[PDB]
Amino acid sequence: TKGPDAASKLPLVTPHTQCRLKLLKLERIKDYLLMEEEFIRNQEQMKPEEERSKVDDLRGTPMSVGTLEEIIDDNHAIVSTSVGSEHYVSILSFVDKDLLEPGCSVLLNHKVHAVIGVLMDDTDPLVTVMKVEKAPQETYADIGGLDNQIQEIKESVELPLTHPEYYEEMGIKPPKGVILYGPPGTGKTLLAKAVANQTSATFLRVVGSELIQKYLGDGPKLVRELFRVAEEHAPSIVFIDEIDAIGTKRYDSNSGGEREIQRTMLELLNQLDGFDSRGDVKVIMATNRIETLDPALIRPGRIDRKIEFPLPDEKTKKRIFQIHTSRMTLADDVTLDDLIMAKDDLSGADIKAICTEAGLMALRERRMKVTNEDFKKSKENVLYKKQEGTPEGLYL
Amino acid sequence: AXXXXXXXXXX
Amino acid sequence: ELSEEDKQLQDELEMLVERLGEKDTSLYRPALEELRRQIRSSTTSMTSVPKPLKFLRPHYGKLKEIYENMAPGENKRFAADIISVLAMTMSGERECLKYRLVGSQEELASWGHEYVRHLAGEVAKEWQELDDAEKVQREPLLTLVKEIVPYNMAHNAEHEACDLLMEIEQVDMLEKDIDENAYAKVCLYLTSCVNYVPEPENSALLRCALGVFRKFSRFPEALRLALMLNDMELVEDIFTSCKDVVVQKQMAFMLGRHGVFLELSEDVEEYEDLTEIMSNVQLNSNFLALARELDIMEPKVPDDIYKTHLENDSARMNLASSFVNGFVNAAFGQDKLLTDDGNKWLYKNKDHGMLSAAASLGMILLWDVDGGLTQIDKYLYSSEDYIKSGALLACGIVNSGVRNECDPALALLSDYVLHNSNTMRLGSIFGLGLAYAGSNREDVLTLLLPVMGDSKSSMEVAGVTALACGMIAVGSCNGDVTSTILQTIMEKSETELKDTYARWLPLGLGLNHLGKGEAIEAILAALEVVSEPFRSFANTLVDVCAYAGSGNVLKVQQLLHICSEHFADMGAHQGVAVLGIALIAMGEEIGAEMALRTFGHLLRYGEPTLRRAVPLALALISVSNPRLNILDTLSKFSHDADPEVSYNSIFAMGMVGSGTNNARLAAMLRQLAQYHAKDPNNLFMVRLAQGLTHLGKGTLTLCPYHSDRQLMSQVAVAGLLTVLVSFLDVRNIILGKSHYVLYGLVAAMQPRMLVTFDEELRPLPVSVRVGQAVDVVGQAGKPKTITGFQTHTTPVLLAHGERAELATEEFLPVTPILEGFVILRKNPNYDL
Amino acid sequence: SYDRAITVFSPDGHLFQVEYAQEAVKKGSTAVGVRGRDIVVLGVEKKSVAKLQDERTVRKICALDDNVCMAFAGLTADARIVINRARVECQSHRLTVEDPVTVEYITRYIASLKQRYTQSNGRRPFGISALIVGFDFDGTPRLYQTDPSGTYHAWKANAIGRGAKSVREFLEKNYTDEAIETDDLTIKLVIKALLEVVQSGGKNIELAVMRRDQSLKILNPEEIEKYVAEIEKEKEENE
Amino acid sequence: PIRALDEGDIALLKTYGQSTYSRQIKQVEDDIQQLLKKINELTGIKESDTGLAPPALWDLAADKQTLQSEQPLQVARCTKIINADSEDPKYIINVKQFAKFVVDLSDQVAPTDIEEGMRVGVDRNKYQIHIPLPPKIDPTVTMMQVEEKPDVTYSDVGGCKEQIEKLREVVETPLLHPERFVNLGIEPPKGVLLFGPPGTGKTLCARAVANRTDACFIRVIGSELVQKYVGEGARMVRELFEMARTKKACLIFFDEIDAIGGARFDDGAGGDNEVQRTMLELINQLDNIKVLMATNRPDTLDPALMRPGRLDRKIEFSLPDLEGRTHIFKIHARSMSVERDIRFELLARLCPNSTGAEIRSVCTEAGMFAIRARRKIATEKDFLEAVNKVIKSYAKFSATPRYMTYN
Amino acid sequence: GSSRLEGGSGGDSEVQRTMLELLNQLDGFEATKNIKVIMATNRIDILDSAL
Ligand SMILES: Nc1ncnc2c1ncn2[C@@H]1O[C@H](COP(=O)(O)OP(=O)(O)OP(=O)(O)O)[C@@H](O)[C@H]1O
Ligand SMILES: Nc1ncnc2c1ncn2[C@@H]1O[C@H](COP(=O)(O)OP(=O)(O)OP(=O)(O)O)[C@@H](O)[C@H]1O
Ligand SMILES: [Mg+2]
Ligand SMILES: [Mg+2]
């Protein structure tokens, strides 16, 4: 357990009004940053052998990496070369006959194959990029409304790590695995990007299409790797966004290609709740269509809390507006209620386009102050792709 | 009915 | 291109600029009047690009020169306004500013908000570029800041308004222009900007922002700042100016919570109540009061804390047993092991074991000079009278954090501070320091004076002795005490210094100089006499104590250099250096969180001595603050191979979790105990860490910061520094003969509670939406300062970084910042 | 696949077509029915004229008999056909038995009209949830609500159409014996109740009131405006 | 008429009205970002130690010797023994991937030590059989067997007493008392294929059988049996079953058989048939070794693999009846901090047609309602609030307006 | 990027998995800086509502 390799977030500078309080706080972050660079650089310069040097001479360069398969004697193991062959190499003294485990990736001498070192942390480049290093920059205060949905997603991924006493003092096991579903543009991924900017646990991410490799076993083996790293790195959250790509309803497909995707779902379906129960690895799926996921992948036990994200309500839509018109410069005549009240199913991604557009309709008239007409026009210009589709005047 | 099919690649 | 309106406007402006070619009488007055109208009309409009400025791309050389010749009177000035306004769009600042300086005056409002601010910047730019070499240019610039600043005050631009004055270096006028609807925005801003601002402007801002609180009779707010500057005189005036007793009462409760004592004249009504409130005699009643509502009066036992059932009698572990029955049940007024069979318990501790156990007797009962002092009647006179130091620390510890009119600490301790036995004296001086920490009382300071010069006193007596004096005169730079410390420090010999306990002598020097970096230039000058290493070591450590909480990146950069160096007499200077960054940077959250990254780098790229200090350094940064990132960081080094790092990391965990009852920290602590079961040194302190993480069943915090984390507690910062530096050499100090030093924290031990009382002091259970505090600086209107709301029925507990707001408008608290004990005044505005 | 027929039970004993049928009622305009001591008020919202069509051919509140008025939701085509049958039933029973119809009976017949259509295939249910209100009880006011399922229910106050959940919740917490105690007070409640109209226009609220042994009275858009104003004046106590 | 922003226009938009700190502040933010970028690179490379042993346990002088005298030996298999004259055997050895060679022993080995078929080590140069090698213990298959017994006991599996009894007569009873199945001469079903709606207790009745095994329980992953290289799927199937016959009282549990048990179909133009030939190597294998299988979707299994010649017994895990749901509840609530009184019988009738897991989330959500509001006792009112969110909240629409028909 | 059909025997399931990638790439967990897309189509009703 290497511990949570949490993201690296620089502190936050607020005020945002671009006031001197802002400059000073950025300077303070810069000052320590300049200071911190000083120590790193001044540590190599200020900083100005006969035991390891002998070891590196026995190893030589380069050093192959094959898979250990059997420890025949204490000083002999069979190592399979990187091509799938086998070899009855010799186990030298410097290697630790403890870390040497069947399945471990062993460093092999190049000329005379002989175990020389055990290469832990051999996680694929395809799953070591899945780890979020630079934390996203959208804090829970950037998400407006969704207080009922946020709390549901904060009692499975944040609270169970800060106040564990509550849950274990009551007999629950903290809910682990939440399916964020709802219409497109409601905030599913933003709430996810917000748990990464608050959590202190390794936040692996996927896109539900990354874990479908072409090779027959490349697929199910990347998932078995991702949940090996998430478990390895202690507190972790695996965010499989757009889960609909891999986990759709199983069916008797007459196409081998489609029988390998399902052979990857039936791995994510067993790497979550199957024999040999999990450790501490929460999973946050997202999907705009919960009506096509397999009844098993969202069966209570793997996805315990199905957070439903409806289109914004009138009160939320008014809070959504301010979070995106916080940095804008509205004139005194910009009374947002004229646009919010409409019965148009204005999603939360629509609201940020009625903000980008109403700010660009301002440059049209050469104004950095958006008046009230700049929103009326923008609402129409931003509200297509949905036109108007409904019944005729049948119902009274 | 008519079914288009994908495919993998046994290395 | 343009249109009929745009192209014509280009020509109309083009004709006006061209017509100024000659000296025709009807070309200067007529044309300049037109430019005045068109430029004014567009600029005094919406943010629309000022078409006059876009069309007008002419050169002022012809009009600037003729300006002089062409009617140096009004006709000259008019041209200046047209060119000046055209300058703001372009980059001619020096000329752009000086045109409004010399050209037509008129008024700033007539041009436009965008113009006004641009003149604001240039005025600040010119003033900064104008030094004390000449005020002739200053009077005009100063006149400009006279008018413009009122312009911002009205236009929601207080930020620029405060920003404008700060740039000028002079911020007096805000006093005269702040409206009843503005002081909150301005006063909040300065308090937020003051921390970052460097010396001496930061100090000037505090008083000025303090002043603004004065003009509008917001007395409690003036209190918080008055202490921030740590100047008593302004406190005394507000004490004197408070014709309202209730505000007088409250501002004493904030004066007390800071541990600040001002001799109250009998002319002030309710002197005893103010004295008793300031003396902190009423604290004990509330604390016990708080317990009865919370139902935590029952004392705990070490076995339950450790949870021996889940895990798969040496004198040492008995101490860890003795300590945990300290901190854990400390201040609760009753312990199930140290009050009934104590003679039996201690007897299984060999000397220093007895010292620790006896001292916990006093810390088990804090803030009761009677109950504790009566719980101080069965040991001290022990057959092994060596434990007398033990109860003497208990004697002194009980008086720590409080002041009794009868001066018990000096009475009992004085008769034994001269006791010949070395151990008898250790408790005397140390316990006395705890009792009167920050008192600065001349008597006790004087009585402690001979202790320094008493040659017969052993070094361990001396090291505590200098520490004891320092803890009494913390943050006052007491000339007598400093002289005694400064005179005493010089006389030290080189051979006697090389011992570890001489590591404490410089500590006493700084503790006198905590929070005043201006006066520490001299103190570092005097220390230069002594020879190294301790000359350099004292210099650094004295340097750190000077800048406690200053937020001085300069000293931090200076301090970081010392740690950065790669050299044994240099490592003591380094170790105090890393702890230096922790203390200096721990005022602001922005810097403090950044010091973590620097601490982390010092560990991966650090060396033996540094790697030991880093675990301690993190301790001061987040005392009683279970930030997961820091708590995790201590763990990953909680198993380290070096014994010192393993101990320090374990102690840091205890501090970070002090009083937080963090389950994760406990579970983390329990697992470590199993891992280190073999090594008594680790097991002792990992068991100790579980002890600190349950300080007062969590009902206490060692955080040196009060008042929304803004008001520093000087006496507190003294304590943590003693144990932390003393931990710089744990084996000789902690693992050695000095288990008692851990009682140094008792100075900063404070309660964290949310008990709401009615106006009559009866507990008034008021719905109080309490959650994570969110800054209201820069947020227009009535921003919510509490997030993650969780309505609690007071009394309530506020983990560090939490703020409580009275969710019922029925009452209007006298002091704006709801921390500690607040007098809730029933709202006259509320109607049922 | 158990939703493409009217007499095919789902695995869990559900008549899904009837359940789908009540989906039309949720898509009509809000129609609230509150019964008072001497004036049983029933209102219609979302009047939503087209600006170029006369509103006489829109009437949604119809008097089934001289003593019983019927305000419906659901789909208009079926609403006219149900009202016509009910109007014929109120007279026909009068001829068969001299005494005129009561409110409960007509509701029982209307529920008897709908039910016989949902019972057998090859016939689509009426998709209207009608509020049956009428003083004809000869002393006691009584307002019922039908259901395209076929069950008639008696409520002291109701809400049908697009917004029943909002209106109904706001109606329980504001209906009391004190409120109904006055006639003008009784109407003030419905105008307040339907004041939660989709846009709260205040101008698209139509309330009709019938009184003991009285005649129906479609409030004119001058008395309603006054009542809308008066209710607004009463609501002006917030400040 | 959307006039394009003229260059003259752009200059003003960006300077007119600018807050005098704008250029500076935006400079500060830009400085930080580049500064952070540089900060990582100077330290981003974190040493990844390579598993060297402590300095004490080194023999560096002898280590140079092993690398110098000892030589790498390719691991091969003797596929035949020609026995040219019975005095010059001329063994044929397979080098796995290299090729098939007719080799002869190095003098060190004994002619009688290399028996046909046993793994034989050869020399890189001439391929002379230098040393015999132990039979192949698969690195993956060996890890498959559940070395740590699952903690779930049989008392945790509720409402499936007749389904557990039916399993205990095929997986436990014929393995502990092989005398009731002999007296009547009934051939014990040597495999059951647990099927049921997802989340009814298939894998819990699997871990439960593991906690009381007395056998060697092998947990077949499903993923590992589908390997990239052709054939390596079947090679694993054999090396698992082979690892069972060697053991006495071995149980194999192929969880999620759908992975490698899809209905056959000609798709040879692709790697799918690779997986299919891995099943046909499992169908041959199946038809003291008991076999279990779990499949939430049995209909996708090959008819051949569900015949009563391979999977003699098919236990159906149905949705619990009421007398079992009140029992599934008490099993998961025995550790909850519930108020003594809870009418669990009542909570069983509010979860109609609910699986054995959604009963669990009702117990897990019940507390979460008791944690949201600071009550340390999860009262009954919470559960009804729980059954509204776990079961009802996702059961169906069936709502008041459309439910005033049922009374 | 035509509307996502229900996964089954006959239904676009691979042009879908690449649609769910572009869908995430443009506005996904990782924000994109300075990349712009100019899709051009004829029928605008047959695209999935996420695109
Ligand atoms: N409730 C909300 N409050 C504030 N911003 C919101 C809200 N809902 C959506 N947004 C905005 O939506 C933007 C993008 O939408 P988001 O990433 O949340 O969608 P999604 O759930 O990932 O959608 P999809 O189904 O297409 O994957 C964010 O930048 C965010 O500012
Ligand atoms: N009938 C049940 N009785 C008790 N617990 C159950 C029951 N059904 C599910 N559970 C709970 O759910 C866990 C796993 O559910 P289960 O074993 O049924 O999964 P599964 O049938 O393998 O699902 P899938 O077939 O989709 O993989 C059990 O360990 C237990 O905690
Ligand atoms: Mg998304
Ligand atoms: Mg299973």
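Protein chains in written order, with the deposited numbering: chain B, 40 to 87, 93 to 440; chain v, 11 to 21; chain f, 44 to 355, 366 to 620, 644 to 908; chain J, 2 to 240; chain A, 21 to 307, 314 to 433; chain C, 255 to 305.
Ideal Cβ placement from N, Cα and C applies to all residues, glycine included.
Cβ neighbours of residue i in the same chain (closer than 7 Å, five flanking residues each side left out)
i: J:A112; result: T147, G151, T152, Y153
i: B:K48; result: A179, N241
i: A:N379; result: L345
i: f:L144; result: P183
Cβ separation of residue i and residue j, assumed to be a contact under 8 Å, to the nearest whole Å
i: f:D430; j: f:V451; result: That pair is no contact at about 12 Å.
i: A:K210; j: A:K316; result: 6 Å
i: A:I102; j: A:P109; result: 7 Å
Contact set between residue i and chain A, taken where Cβ atoms lie within less than 8 Å
i: B:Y211; result: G393, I397
i: B:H277; result: What B:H277 touches in chain A: nothing, since even the nearest Cβ is about 14 Å away.
Chain A within 7 Å of residue i, Cβ atoms only
i: f:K97; result: yes
i: f:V92; result: yes
i: B:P264; result: yes
Contact with chain C by residue i, beta-carbon distance below 7 Å
i: B:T233; result: yes
Interface partners of residue i on chain C, CB under 8 Å
i: B:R59; result: Neighbours of B:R59 on chain C: none; closest Cβ ~28 Å, over 8 Å.
Cross-chain neighbours of residue i in chain C, by beta carbon under 9 Å
i: B:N298; result: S263
Min CB distance residue i to chain J below 7 Å
i: A:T326; result: no
i: A:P217; result: no
Contact with chain f by residue i, beta-carbon distance below 7 Å
i: B:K413; result: yes
7 Å Cβ cut-off: residues of chain C touching residue i
i: B:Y225; result: The premise fails here: B:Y225 is roughly 13 Å from chain C at the closest Cβ pair, so nothing lies under 7 Å.
Bridge partner(s) assigned by DSSP for residue i
i: A:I238; result: A:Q165, A:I272
Cross-chain neighbours of residue i in chain J, by beta carbon under 8 Å
i: A:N379; result: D13
Chain-ordered neighbours of residue i on chain B, where CB pairs are closer than 7 Å
i: J:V199; result: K387
Residues of its chain near residue i, where Cβ-Cβ distance is below 6 Å and the 5 sequence neighbours each way are ignored
i: B:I398; result: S422, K423, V426
i: B:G221; result: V327, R346, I347, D348
Own chain, CB closer than 8 Å to residue i, minus 5 neighbours either side, in chain order
i: J:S30; result: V45, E46, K47, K48, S49, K61, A74, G162, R163
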